[PDB]
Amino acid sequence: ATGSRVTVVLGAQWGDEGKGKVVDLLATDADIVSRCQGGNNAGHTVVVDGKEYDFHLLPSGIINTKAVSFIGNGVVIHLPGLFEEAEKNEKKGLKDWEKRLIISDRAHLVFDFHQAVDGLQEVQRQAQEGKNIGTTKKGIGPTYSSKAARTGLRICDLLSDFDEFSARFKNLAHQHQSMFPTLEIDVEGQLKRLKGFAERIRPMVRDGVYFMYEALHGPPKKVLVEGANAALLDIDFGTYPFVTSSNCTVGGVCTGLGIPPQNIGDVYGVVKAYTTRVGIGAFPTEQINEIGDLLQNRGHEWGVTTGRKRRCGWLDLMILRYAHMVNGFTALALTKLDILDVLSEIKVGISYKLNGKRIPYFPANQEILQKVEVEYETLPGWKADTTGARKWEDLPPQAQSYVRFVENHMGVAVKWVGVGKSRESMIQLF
């Protein structure tokens, strides 16, 4: 009646939890796989039959030639990067993707100078406070800021009267040079490429509202929504201001695709068995030591977009439970359990104490978070190779206890356990 309900895959920590993996797995029989917020600052790794892919703007289901990939109005798109990405995956075998890629005509555009201002703002904050955000420098913040200001431009603007567009492009370019006089912008040059992309994107563009709506009310379809970033990186709920500039939480699905809450079915939270954070900001369970090195190393924890080394720490339940209050997860996907195969003991943060007393809830003030003392619980390691596990029974005793521990302390059920990078390295628990 009201229509089909989409399935959502969201990050529950600070990203890189394995969203590409979970989405790839669920997109096998999906009719539509979509992306709702963020840009190519996102980096999702998919592994199927040896071949490894790293998607940024392309929905991770772009591999499925039977499914339709959709980029929603909440996404911010840098045209050059978009094709740079598609062509790189073409070389990996991706063919006729422009045949199954639809782009919402309301999605905003990330311009060359946006990524430029992004870098400049980072160097300015660093060379003025010794500390900056840790941005991926993909111009995400500047573009979302132009959007809220209503000065930004969108897909439909590029595909319309080009002369009109150009007049706006120039005004926006200037507006930036104003706040950053040391910014160089080849107005006429960048516009030449944008005119070229216009005709390259044209055939794929569609009205997103009508598109999603038609799909959710026509003959039942299986629609999958790929989140980007994660709960604690959410512009509203994350460790502000050390967050990304979009809503990575479940609400972002509605505002980013134009679908009402009743068309939202299962909302899966991707939970990494340990915590990682790439960029600046508070991180309670962070491990700057041998154990931190072993997680970073055994987990190959480096940017799939920037190449930066990620910070690593024990699992942290304070952020997870917080993420659950905002997203209302219906089941979890616990990834990279195998990374813990070697440990004799695995610590997990259960609460935060301040001045001796335990704090009641996750702090809105990030600076506070930088001073909390994490209260840990120590669990026994299983000291066994789980990379070959395929069913609940395979996992040794301690591994199973660790899975329950996450379950119980979150009140949410674990539906999948990740034991490898490839699609097959999964254990559906129900």
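In this text, rigid core is short for the largest set of C-alphas that superpose within 1.5 Å between two forms. All residue numbers refer to positions in the sequence shown, first residue = 1.
When the other structures are laid on the shown form by the rigid core, the stretch among 286-294 and 93-101 with the greater C-alpha deviation in 8 other deposited structures of this protein turns out to be 286-294. Root-mean-square C-alpha deviation from the shown form, taken over all structures in 8 other deposited structures of this protein superposed by the rigid core, is larger for 313-321 than for the alternative among 207-215 and 313-321. Looking at 189-197 and 207-215 together, the entry lists the larger mean B-factor for 189-197, computed on C-alpha atoms.
Per the PDB record, of the two stretches 366-374 and 26-34, 366-374 carries the greater mean B-factor over its C-alpha atoms.
The residue among 355, 296, 330, 73 whose C-alpha carries the highest B-factor in the deposited model is 355. As recorded in the entry, 97 carries the highest CA temperature factor of 97, 144, 268, 314. Ranked by Cα temperature factor within the chain, residue 65 sits in the highest third according to the deposited record. In the PDB entry, residue 231 places in the lowest third of its chain by CA B-factor. In the PDB entry, residue 117 places in the highest third of its chain by CA B-factor. Annotation for residue 7: C-alpha temperature factor in the lowest third relative to the rest of the modelled chain, per the entry.
When all modelled residues of the chain are sorted by CA temperature factor, residue 263 is found within the middle third.
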